[PDB]
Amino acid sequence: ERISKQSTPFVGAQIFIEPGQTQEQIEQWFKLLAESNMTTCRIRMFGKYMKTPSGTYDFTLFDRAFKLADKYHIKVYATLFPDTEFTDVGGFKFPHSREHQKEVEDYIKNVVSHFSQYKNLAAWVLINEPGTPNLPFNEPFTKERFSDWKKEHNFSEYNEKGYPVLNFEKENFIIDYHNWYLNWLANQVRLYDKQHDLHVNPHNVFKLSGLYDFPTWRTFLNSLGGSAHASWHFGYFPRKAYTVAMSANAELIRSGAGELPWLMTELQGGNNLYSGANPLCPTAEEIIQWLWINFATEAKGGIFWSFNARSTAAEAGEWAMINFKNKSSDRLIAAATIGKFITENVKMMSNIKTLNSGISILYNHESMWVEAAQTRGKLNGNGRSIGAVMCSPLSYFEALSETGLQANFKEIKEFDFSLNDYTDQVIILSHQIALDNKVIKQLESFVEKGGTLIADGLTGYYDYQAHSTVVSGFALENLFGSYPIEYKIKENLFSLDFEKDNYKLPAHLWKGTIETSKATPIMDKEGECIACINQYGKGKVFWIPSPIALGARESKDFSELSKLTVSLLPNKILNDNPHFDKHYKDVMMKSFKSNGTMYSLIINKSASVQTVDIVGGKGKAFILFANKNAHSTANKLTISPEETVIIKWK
């Protein structure tokens, strides 16, 4: 089968294969995996465990696993994982040398030629977790590729107006280098197998998104994947907001996928002993929350790392969904309920389309690159540190999640700026500190054609060369109908108190003051102009150059950001989309459609039972899924702590 947007979603798990394991233990795993309503496994095709002393390939260890998978009707995601040190847990991200590249060619020839013949092979994973924060610039292969890339690019030290510039050669090379290696791996597989889906799992996306050109990857993939691990990738969130983290991670991959189907290649299946940055053992409740969040965001699968554990050194007896007796943990029991639900609701679950509110939260590579130059790699967890340009849009995302509104989370190049009408569409640019003339023209077009643009923090302070048009002649003056006057540093947390008394917005670190020309000024209680609304063609701009999303984050209170944002949304979004009648702290809802029927996903992450009033769209709430006996009266849902609910609208 070739995956499509109409495929039946699956629940699956990594089957960890290494020497020493017995036939009987491996059969025990596939048997329990099949009994757990899981259809799919993923296997790391370790070159180390196939290479013989003579340099031939012995496939025996993996044949045994593929044959047992086949016997239990389990399909396999096979990860290309060439020979590497036992201590290299995640795998090398690029060849070490030309000689190493040839060894990888030989690995792919042998492994793809052999395992392509199994009728239960579902997908090739080109590489595990492309991208690293520590790129191997010291190694000869990378050193040479970077030297060649620089020779083929012609950068000037000055812009057209004559101002000095940064060119971000390293960052632009790294995008092209990822594009090149993944495309090369896809071409290598395609030498031997044109039949099977090609897949890859970008990881740590709130940090590594600046490495990833998903639109290019679409050209050589059949599906986009992702590792979304609560213990590795969600450090910007408390555990009670891993719902929001998973929703944003799902939205980010969904945006990257474009017209391709996507699935989550890795979810955390088990316990951190010594591993992980933010260690946990997922609850049964978290397992259910993550699977539903992903399916509600169009995922065609959720694969857990891992069914069974590694036995030696790094992650030995960690991450596993099965216990040390090879029986179901409460996490596998939980995952099995979702597999069962899918088998009983195939037509619904196979045709999920996320109900787009029309709100898109946009991030760009360049804001992250400019931030890394300006903060000089500081990790003090504020606006003056690496991560503020992602924490800011994630904070708006959280505010909308706590309003029960869906929002896209997209790289700016993944947004379609080519349409003739953007009536009732919303773009949020939250502390996207780098914008160039081309994207500003796209934003002007978007707003002119009826779009609503919300911009906070230092959005557009710099261009793509770290040149500040705020200093030289502000590129967004036309769209904003206003001009920045000053930024003044304040405390980590201050209040922006609007003159009309309607709003007291938590704000982080810097207070922006502006001067309006065409825009309507918004004054604070100090008599300073802190924001404006510009009518621009059929659309509008709300600009508040203080970081109010980071303010919400620092105050741990998204309520004011919710209320303000709702007041700016086109009426059609609030009328046509199910959402909460007001802000609910630590509650999320996202809606989806399947074959003309609308559904809503609701999760309560508060310490108490909540009664959530759902308004907007049409229909009466029928509870289709609830793991703690939720009930609805009219469109008022009573939902318990850690409960996941699916409402079908009739």
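Take the two forms, find the largest set of C-alpha atoms that superpose within 1.5 Å, and that set is the rigid core. Note that residue numbering begins at 1 and tracks the sequence as displayed.
Relative to the shown model and aligned on the rigid core, the C-alphas in 5 other deposited structures of this protein deviate most, among 512-520 and 492-500, for 492-500. A fit on the rigid core, followed by a root mean square over CA positions in 5 other deposited structures of this protein, ranks 522-530 against 203-211 and picks 522-530 as the more shifted one. Among other deposited entries of this protein with both flanking residues present, none omit coordinates for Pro95; it is modelled throughout, well short of a third.
Per the records, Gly457 is modelled in every other compared entry, just as the shown structure includes it, so no third of them leave it out. Judged by mean Cα B factor in the deposited record, 82-90 ranks above the other of 82-90 and 352-360. When the mean C-alpha temperature factors of 273-281 and 186-194 are read from the deposited coordinates, 186-194 comes out higher.
The PDB entry assigns the greatest CA B-factor among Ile602, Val609, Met50, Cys41 to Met50.
Looking only at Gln268, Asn382, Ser395, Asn294, the residue with the top Cα B factor in the deposited structure is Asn382. Per-chain ranking of the deposited C-alpha B factor places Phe141 in the highest third.
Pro215: CA B factor in the lowest third of modelled residues in this chain (values from the PDB entry). The deposited CA B-factor of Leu496 belongs to the highest third of values across its chain. Ranked against the other modelled residues of its chain, the C-alpha B-factor of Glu171 as given in the entry falls in the middle third. Sort the modelled residues of the chain by CA B factor and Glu18 lands in the middle third.
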